[PDB]
Amino acid sequence: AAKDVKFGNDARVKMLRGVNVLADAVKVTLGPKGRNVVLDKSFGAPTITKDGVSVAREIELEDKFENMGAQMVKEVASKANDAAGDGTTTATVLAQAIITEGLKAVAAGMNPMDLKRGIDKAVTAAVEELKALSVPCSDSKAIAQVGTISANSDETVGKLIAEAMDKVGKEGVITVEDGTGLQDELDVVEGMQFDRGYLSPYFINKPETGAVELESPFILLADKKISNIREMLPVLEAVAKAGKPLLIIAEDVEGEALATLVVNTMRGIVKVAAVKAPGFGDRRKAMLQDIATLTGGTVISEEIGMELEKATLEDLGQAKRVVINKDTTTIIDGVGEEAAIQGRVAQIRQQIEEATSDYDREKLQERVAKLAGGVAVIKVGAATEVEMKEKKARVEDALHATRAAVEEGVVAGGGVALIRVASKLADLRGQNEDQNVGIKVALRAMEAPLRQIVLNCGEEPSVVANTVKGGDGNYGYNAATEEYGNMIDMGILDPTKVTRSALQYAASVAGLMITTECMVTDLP
Amino acid sequence: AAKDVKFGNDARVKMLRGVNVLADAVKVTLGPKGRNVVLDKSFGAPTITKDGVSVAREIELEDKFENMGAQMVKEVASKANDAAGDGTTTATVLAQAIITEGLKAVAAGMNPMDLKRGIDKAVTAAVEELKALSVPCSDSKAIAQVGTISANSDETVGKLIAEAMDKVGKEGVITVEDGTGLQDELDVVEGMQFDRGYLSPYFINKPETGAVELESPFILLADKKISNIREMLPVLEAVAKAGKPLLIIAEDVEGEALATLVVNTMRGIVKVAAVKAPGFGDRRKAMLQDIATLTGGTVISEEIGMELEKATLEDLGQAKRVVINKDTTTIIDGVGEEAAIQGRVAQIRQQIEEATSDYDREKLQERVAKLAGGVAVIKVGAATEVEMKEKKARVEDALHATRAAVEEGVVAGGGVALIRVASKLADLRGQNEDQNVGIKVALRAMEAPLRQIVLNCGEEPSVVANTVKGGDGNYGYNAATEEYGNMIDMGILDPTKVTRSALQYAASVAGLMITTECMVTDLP
Amino acid sequence: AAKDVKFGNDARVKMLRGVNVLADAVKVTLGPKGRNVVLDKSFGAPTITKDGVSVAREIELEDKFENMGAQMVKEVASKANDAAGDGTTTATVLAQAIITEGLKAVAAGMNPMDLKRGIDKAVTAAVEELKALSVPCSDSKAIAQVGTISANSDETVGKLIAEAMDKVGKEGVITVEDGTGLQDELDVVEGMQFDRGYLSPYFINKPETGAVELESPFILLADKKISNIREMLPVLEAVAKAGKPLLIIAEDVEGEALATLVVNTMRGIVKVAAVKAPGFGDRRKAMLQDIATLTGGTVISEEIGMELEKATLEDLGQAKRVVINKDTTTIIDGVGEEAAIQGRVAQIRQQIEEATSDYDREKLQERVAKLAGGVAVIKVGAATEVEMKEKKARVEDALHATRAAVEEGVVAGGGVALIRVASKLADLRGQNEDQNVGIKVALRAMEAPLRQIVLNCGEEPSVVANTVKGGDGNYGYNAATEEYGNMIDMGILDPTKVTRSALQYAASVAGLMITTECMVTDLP
Ligand SMILES: Nc1ncnc2c1ncn2[C@@H]1O[C@H](COP(=O)(O)OP(=O)(O)O)[C@@H](O)[C@H]1O
Ligand SMILES: Nc1ncnc2c1ncn2[C@@H]1O[C@H](COP(=O)(O)OP(=O)(O)O)[C@@H](O)[C@H]1O
Ligand SMILES: Nc1ncnc2c1ncn2[C@@H]1O[C@H](COP(=O)(O)OP(=O)(O)O)[C@@H](O)[C@H]1O
Ligand code: BEF
Ligand code: BEF
Ligand code: BEF
Ligand SMILES: [K+]
Ligand SMILES: [K+]
Ligand SMILES: [K+]
Ligand SMILES: [Mg+2]
Ligand SMILES: [Mg+2]
Ligand SMILES: [Mg+2]
């Protein structure tokens, strides 16, 4: 349809007003003194959130050009959430500061492209400075401190996250789910377990817990489903001579096939149990191959050119104990050789390194943890559902921050690392005056997060920032206690990855935001 | 529906208003000091562009007559983008200038038809002058300079394009894709490769990389659908006796044959691999015949009168190595004799000669490059999506400009080539006074791009144009450095093809536009 | 729906307003100094046009009565375009002048029926006067002049059409088609050609052109679909011993039959090619019989009671060369009897004069040109689509004008033939005073086109018309150079057919529109 075109200062002020609206909506949730934001939801009750990305994703203005500004700024929060999982409010604040100072400099008669180049150069130097400033985070105390800081100063959440990380190990999967009680709950599963239960309720040998328990059993791996007992007689007869229990993991077992098995279990001849293989497609084949590798057995498949009738005792895997419930089964202490286990984990790690999809990487990481490692689930507890949602979001943020800190490292929190980086970049110079102006704009905008934190606390940001810059090292401001001191002793830690990603994304968006000249959009 | 008719000066002023609106929307993105334009998209985030055609393609006015004028002018940018891929803003500016002075002269009582004839004569002379003024562009230095200039003065992308063209050669295709990292990288593949992986994951003999590699194998090319092995018994026996491995390129293989093939592969008797047939239909047959010619083999087809069971060792091709991944298959160092390859490439280029579209042109050119030459891909790296899109657009513009410069040549940049051409045609005459007026209109509008560039830089276009016209040869004005000098020495080049096409299309549209008398359109 | 009725002067005034609106929209494109008109199109870009019928087809007013007036006038241009293909603006101008003067006479108190009768009598006299004034047009110079004049004074298109008509002959087909280059191109076809190509890509023996080249082959014509090879053995064996190639024309051949033909061609036993029978229905059989007559063979048809197994070498035609492409097939120098060809074309033409439809005739002249003569295609070249459309329209107008001039003859152009005719009828009288008034109205309205041309040129029409009327013979006014002289000497020629058609249709519509009393239409 018809379009509307504005040129120059009018377009710039409209875009700046939209950016300011979105930034004012988002930035009030920064720091330990930040407050909540109520987001209307058509499908249900309103949600109370303190996340920057959650607030940003809903802002949408009536004016078209202000909408341009808001939708162009939302990218900073979206990218910072996708990349690191934490630090979106800081990215939005930095983007707003850079946009404001850049527009003010452009209004003074400067070339926007040279300002963009200077900003890019300053950020490139600052990233290296931040990498230099980083310190490794290895002890559990530092991980607990990071988890506490990233969960709105919650000691219990950080302690639980640190304990889960210690229990699971360096390679593992930790997830969060809503609970049923009033307090947080952590459970860890050691070994391999997949959510497939017994097929017939008559396999249970102990109704005390409603579970099927076998000691030192044989493991039969078969991709094809069992339709007739014709293929099952030789292996059953061979196993019956030994007396050890047997476990069947096939695609499916029909009623008549399992009737013979249950009858034989009742008559005391053999002890067998039938469950289904986990997953569909090639995923199920991969799971069954992993099971065979872990249990020291061999998968019997029709596509490879072997028959179930030809199976012997060699093709059957072994385990120390197998427990099957109505919904879950577990195999503990498999007898599979360790060398094959490390080969499999190495191969799947190389497969991960070439996987660019979040779902695939998550599935393969769960695979690696289940094959060798551990899986933990954290059950958060809250009386009400809105409190449930908010606590779950905080715990997810803490988990992501702890993972990032373990990956790369930790710097002083509270916006002090950025202040130090900007302090030791005062001799940076460009090619002409405009590039120097852009460099100075970036350096001055690097101070925004600490000023906003102190403003949220309720003090004078200018004097606090001045006296923080007056010191050196890890000297900072404790927002909670409203006193100065070393920011490492007080336990206020910030991951390097989060700060670096926030700075890079904010600068990248704001540099393009600066150079806009005219906007075209639909008519009102 | 009811129509509205306007006669004469009212229609002319409405058309000029629409032309001015569209031209002013597009014109702010000309030169190295040009600024960006943000475009509204209802599906997703707004896009920020510097391309003239991208800006002009969405401009649409509410008033019907101004809208028709905008639709007239938009065709100049559309055709200049489709023909050469670069130089759309210059074409739009030239068209706007020619329209302006044409209507100004028409308002003085001149005959529009004679003005159009004079403009056509002037442009016809100018094309010959530009062809005479061109200089060859062969070395990599000039290619790098052209790529840098065409990409908003970015040295890295120009150097990357130059060395990629050097690596691929004179007969090859270079494309661009969205990368994942933060830095620009080039990937080049030599030989033949089609995006068809293995048929069964059991063919892998090198699980370290998750791929199967073959050493000096035979290649079997079959059009038929393989479902039973009985036709493959003779060729399988022959290659088992020979000892060298085998590769199957067939339309598809069912599991009955795959089971036998994988059994024989794991048993260590023969080494075989099966892949699908790339392409669909006539293109698939053409590519398979290309593979056969490259490897010195013969295609076995059911419609040609040959059966796979009668194939011998002479019907199997040979190659030094074959690399098959999960997704791609690579054949390197074929055995086919060179004269057959030359004949095939000549034939396919001959079929290229009669290509009526770009869709088949790109596919046939890729086929030619795959037969002889190389294929390279450039993956642009940016933190955010908008930066990625803008960088990709700039890289594509640089690629098109380098291709055009290789095709025809280069002239002095900065819009001074048109100034030299116009100063060389000061003695052109027509048959009457109106034709002379049209010739002078074209010659005076020849100076628009340089004046627009200087105006965008913030200086006075009149003084700079007077100084440039007072020079000789390649004397010009450097917009970035704000200094005068030899523009070939300074490294500012534009292809002759781009300027010639822009001038031709702008004149062609404007000459028709200035002769209009009345407009008819639907009522509001 | 409810209607609105207006009586007498109000209805006549509204009708005249609509007529004036449409005529003023149309008449600005008359003469060599006429300008363009741009027509808004909802789908795509608006079109620059100079045709009277194209402009008239779009005008429709909001007011119902003026809309009816415009719709009644539009039929003059529609019929003039449909009949002769040229001279529609002149018809519209004549109709408007006659309507104006007739309405003035009716308002003065005359009887409309007698005015209509007098107009018809005057036009009947004028038609025979024009037939008396006509002179033959046979030489190529006159055809070139007519083509130049009819194409807005373009020498190149006139010369191209003259040479194309000379090369093709007196009975041929010439069509226009969008070109690729920047210059016009003429493509003439020698021999017979039908739009059908090879069925299987394996018959190709000359990859230099991607086509087959058979030297002195036999032609086998079979009406029935070939699906079994058993019938093919006798004639194939007979032609195998001869050594000459063979071509098969059938409605369709199934791949089972193509397989053995391809194998034989590869092995060098017989050089055969197969193409489909062009067309569908009775015309397919008719022109296949024409193929048989040209090649000197007999159609093997199941409908006649002749079977394919009994065919011999007498039933196969011969030709000097046969060339088949991906889409076309040509028979060069078909051996046949000249008398048979003349008889066949005589039969086809005597069918032609019995054709009562325009669509059903053009195929007949195409067949005549295919049997005897040739066809030509003229490619128009233009940089931009709009210029291509306008140039194609001008070329089509020139083609139609040249055809009409060859058909009937030429008279002095510039609107002076009508002036001479009106001056010859100065003594015509009717039965009463009213019929004399109508005759005078027609005679005075016959001079409108020259006045309109002079007005478009920008001069005083009255003095120029007075000077022209004062001369004799072909004395006229040259609008391009603005000087009087001999019309035939300057080469300004108009066909008699277009002038007669325009006059007749304009009078036929205007006389009927004059006699309106009341008009009834829907309410707004
Ligand atoms: N007690 C404290 N004293 C000073 N600064 C703090 C304290 N606790 C947290 N901070 C700082 O406040 C910031 C909290 O940001 P947050 O509200 O989680 O938004 P986001 O993590 O999305 O940027 C952290 O960067 C941290 O450095
Ligand atoms: N440093 C420079 N000094 C002077 N002129 C330049 C310089 N860089 C580019 N130009 C000129 O500016 C033009 C850039 O056009 P651009 O904005 O890319 O639009 P388009 O290429 O679509 O016409 C080129 O034609 C080039 O001649
Ligand atoms: N050079 C000329 N001098 C005088 N009259 C001309 C000249 N060229 C063309 N004409 C006249 O002008 C008329 C052109 O009509 P045109 O605008 O083509 O509309 P149409 O052919 O549809 O009636 C012709 O009838 C011709 O007689
Ligand atoms: F603002 Be982030 F989600 F801590
Ligand atoms: F302005 Be063009 F797209 F380089
Ligand atoms: F306007 Be006509 F068709 F020459
Ligand atoms: K927050
Ligand atoms: K541009
Ligand atoms: K006309
Ligand atoms: Mg946080
Ligand atoms: Mg460019
Ligand atoms: Mg005409």
# chains A, B, ... in the order shown; residues from 1 in each chain; ligands from 1
call {"tool": "residues_near_ligand", "arguments": {"ligand": "ligand 2", "cutoff": "6 Å", "atoms": "only C-alpha atoms and all ligand atoms", "output": "PyMOL selection string"}}
result
chain B and resi 29-32+52+86-90+149-150+413-415+477-480+494
call {"tool": "closest_atom_pairs", "arguments": {"of": "stretch 209-260 of chain C", "to": "stretch 292-316 of chain C", "cutoff": "9 Å", "atoms": "only C-alpha atoms", "output": "JSON lines"}}
result
{"residue": "C:218", "atom": "CA", "partner": "C:316", "partner_atom": "CA", "distance": 5.8}
{"residue": "C:219", "atom": "CA", "partner": "C:316", "partner_atom": "CA", "distance": 5.3}
{"residue": "C:220", "atom": "CA", "partner": "C:316", "partner_atom": "CA", "distance": 5.4}
{"residue": "C:221", "atom": "CA", "partner": "C:299", "partner_atom": "CA", "distance": 5.3}
{"residue": "C:222", "atom": "CA", "partner": "C:300", "partner_atom": "CA", "distance": 4.9}
{"residue": "C:223", "atom": "CA", "partner": "C:301", "partner_atom": "CA", "distance": 5.2}
{"residue": "C:224", "atom": "CA", "partner": "C:301", "partner_atom": "CA", "distance": 6.6}
{"residue": "C:230", "atom": "CA", "partner": "C:309", "partner_atom": "CA", "distance": 8.5}
{"residue": "C:231", "atom": "CA", "partner": "C:309", "partner_atom": "CA", "distance": 5.2}
{"residue": "C:232", "atom": "CA", "partner": "C:309", "partner_atom": "CA", "distance": 7.1}
{"residue": "C:233", "atom": "CA", "partner": "C:309", "partner_atom": "CA", "distance": 7.8}
{"residue": "C:234", "atom": "CA", "partner": "C:309", "partner_atom": "CA", "distance": 6.2}
{"residue": "C:235", "atom": "CA", "partner": "C:312", "partner_atom": "CA", "distance": 6.3}
{"residue": "C:238", "atom": "CA", "partner": "C:313", "partner_atom": "CA", "distance": 7.3}
{"residue": "C:239", "atom": "CA", "partner": "C:313", "partner_atom": "CA", "distance": 7.6}
{"residue": "C:246", "atom": "CA", "partner": "C:316", "partner_atom": "CA", "distance": 8.9}
call {"tool": "residues_around", "arguments": {"residues": "residue B:98", "least_positions_apart": "2", "cutoff": "9 Å", "atoms": "only C-alpha atoms", "output": "PyMOL selection string"}}
result
chain B and resi 93-96+100-103+119+441-442+444-446+506-507+510-511+514
call {"tool": "residues_around", "arguments": {"residues": "residue C:46", "least_positions_apart": "5", "cutoff": "8 Å", "atoms": "only C-alpha atoms", "output": "list in words"}}
result
residues 68, 71 and 72 of chain B; 38, 39, 40 and 41 of chain C
call {"tool": "write_last_selection", "arguments": {"atoms": "N, CA and C atoms", "output": "PDB file, in the first residue's frame"}}
result
ATOM      1  N   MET B  68       2.242   6.934 -10.231  1.00  0.00           N
ATOM      2  CA  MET B  68       2.627   6.521 -11.579  1.00  0.00           C
ATOM      3  C   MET B  68       4.003   7.056 -11.955  1.00  0.00           C
ATOM      4  N   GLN B  71       6.441   4.845 -10.335  1.00  0.00           N
ATOM      5  CA  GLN B  71       6.514   3.567 -11.039  1.00  0.00           C
ATOM      6  C   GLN B  71       7.333   3.685 -12.319  1.00  0.00           C
ATOM      7  N   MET B  72       7.222   4.819 -13.019  1.00  0.00           N
ATOM      8  CA  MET B  72       8.098   5.065 -14.162  1.00  0.00           C
ATOM      9  C   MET B  72       9.562   5.043 -13.751  1.00  0.00           C
TER      10      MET B  72
ATOM     11  N   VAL C  38      -0.150   8.168 -21.022  1.00  0.00           N
ATOM     12  CA  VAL C  38       0.193   7.104 -20.085  1.00  0.00           C
ATOM     13  C   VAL C  38      -1.084   6.575 -19.446  1.00  0.00           C
ATOM     14  N   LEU C  39      -1.244   5.254 -19.458  1.00  0.00           N
ATOM     15  CA  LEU C  39      -2.445   4.597 -18.961  1.00  0.00           C
ATOM     16  C   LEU C  39      -2.092   3.812 -17.708  1.00  0.00           C
ATOM     17  N   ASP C  40      -2.807   4.074 -16.620  1.00  0.00           N
ATOM     18  CA  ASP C  40      -2.550   3.387 -15.364  1.00  0.00           C
ATOM     19  C   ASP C  40      -3.025   1.941 -15.433  1.00  0.00           C
ATOM     20  N   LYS C  41      -2.165   1.026 -14.996  1.00  0.00           N
ATOM     21  CA  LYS C  41      -2.488  -0.390 -14.903  1.00  0.00           C
ATOM     22  C   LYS C  41      -2.369  -0.831 -13.453  1.00  0.00           C
TER      23      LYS C  41
END
call {"tool": "residues_around", "arguments": {"residues": "residue C:207", "least_positions_apart": "6", "cutoff": "10 Å", "atoms": "only C-alpha atoms", "output": "tab-separated table (two decimals) with N, CA, C and O atoms, in the first residue's frame"}}
result
chain	number	residue	atom	x	y	z
B	343	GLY	N	35.47	-31.22	-25.29
B	343	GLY	CA	34.28	-31.29	-26.12
B	343	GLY	C	33.01	-31.12	-25.32
B	343	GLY	O	32.09	-30.40	-25.72
B	344	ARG	N	32.94	-31.77	-24.15
B	344	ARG	CA	31.75	-31.66	-23.31
B	344	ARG	C	31.57	-30.23	-22.80
B	344	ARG	O	30.44	-29.72	-22.77
B	346	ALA	N	32.69	-27.48	-24.21
B	346	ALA	CA	32.27	-26.67	-25.34
B	346	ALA	C	30.79	-26.85	-25.63
B	346	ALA	O	30.07	-25.87	-25.88
B	347	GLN	N	30.31	-28.09	-25.58
B	347	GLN	CA	28.89	-28.35	-25.83
B	347	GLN	C	28.01	-27.68	-24.79
B	347	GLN	O	26.99	-27.05	-25.13
B	348	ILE	N	28.38	-27.78	-23.51
B	348	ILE	CA	27.53	-27.21	-22.47
B	348	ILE	C	27.59	-25.68	-22.51
B	348	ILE	O	26.59	-25.01	-22.24
B	350	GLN	N	27.87	-24.08	-25.30
B	350	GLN	CA	26.99	-23.80	-26.43
B	350	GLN	C	25.53	-23.81	-26.00
B	350	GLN	O	24.75	-22.95	-26.43
B	351	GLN	N	25.14	-24.77	-25.16
B	351	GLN	CA	23.79	-24.73	-24.60
B	351	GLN	C	23.59	-23.51	-23.70
B	351	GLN	O	22.47	-23.01	-23.58
call {"tool": "select_by_dssp", "arguments": {"residues": "stretch 181-422 of chain A", "states": "alpha helix (DSSP H)", "output": "PyMOL selection string"}}
result
chain A and resi 233-240+255-266+282-295+338-353+358-371+385-407+416-422
call {"tool": "closest_residue", "arguments": {"among": "C:500, C:424, C:392, C:267", "to": "chain B", "atoms": "only C-alpha atoms"}}
result
C:267
call {"tool": "interface_residues", "arguments": {"of": "chain B", "to": "chain A", "cutoff": "7 Å", "atoms": "only C-alpha atoms", "output": "MDAnalysis selection string"}}
result
chainID B and resid 35:40 45:46 59:62 208 259 262:263 383:384
call {"tool": "residues_around", "arguments": {"residues": "residue C:372", "least_positions_apart": "2", "cutoff": "9 Å", "atoms": "only C-alpha atoms", "output": "list in words"}}
result
residues 171, 172, 191, 192, 341, 342, 345, 367, 368, 369, 370 and 374 of chain C
call {"tool": "write_last_selection", "arguments": {"atoms": "C-alpha atoms", "output": "tab-separated table (two decimals), in the first residue's frame"}}
result
chain	number	residue	atom	x	y	z
C	171	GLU	CA	1.46	-14.23	-50.00
C	172	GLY	CA	3.27	-14.70	-46.69
C	191	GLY	CA	11.23	-23.96	-46.77
C	192	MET	CA	8.66	-25.63	-44.56
C	341	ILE	CA	1.47	-27.71	-55.12
C	342	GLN	CA	-0.44	-25.16	-57.20
C	345	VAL	CA	-2.81	-23.98	-52.73
C	367	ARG	CA	-0.67	-22.95	-44.37
C	368	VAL	CA	-0.59	-21.24	-47.78
C	369	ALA	CA	2.67	-19.48	-46.92
C	370	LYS	CA	4.08	-22.75	-45.57
C	374	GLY	CA	7.80	-18.35	-46.45
call {"tool": "closest_residue", "arguments": {"among": "C:265, C:148, C:42, C:134", "to": "ligand 3", "atoms": "only C-alpha atoms and all ligand atoms"}}
result
C:148
call {"tool": "closest_residue", "arguments": {"among": "C:195, C:407, C:129, C:213", "to": "residue C:422", "atoms": "only C-alpha atoms"}}
result
C:129
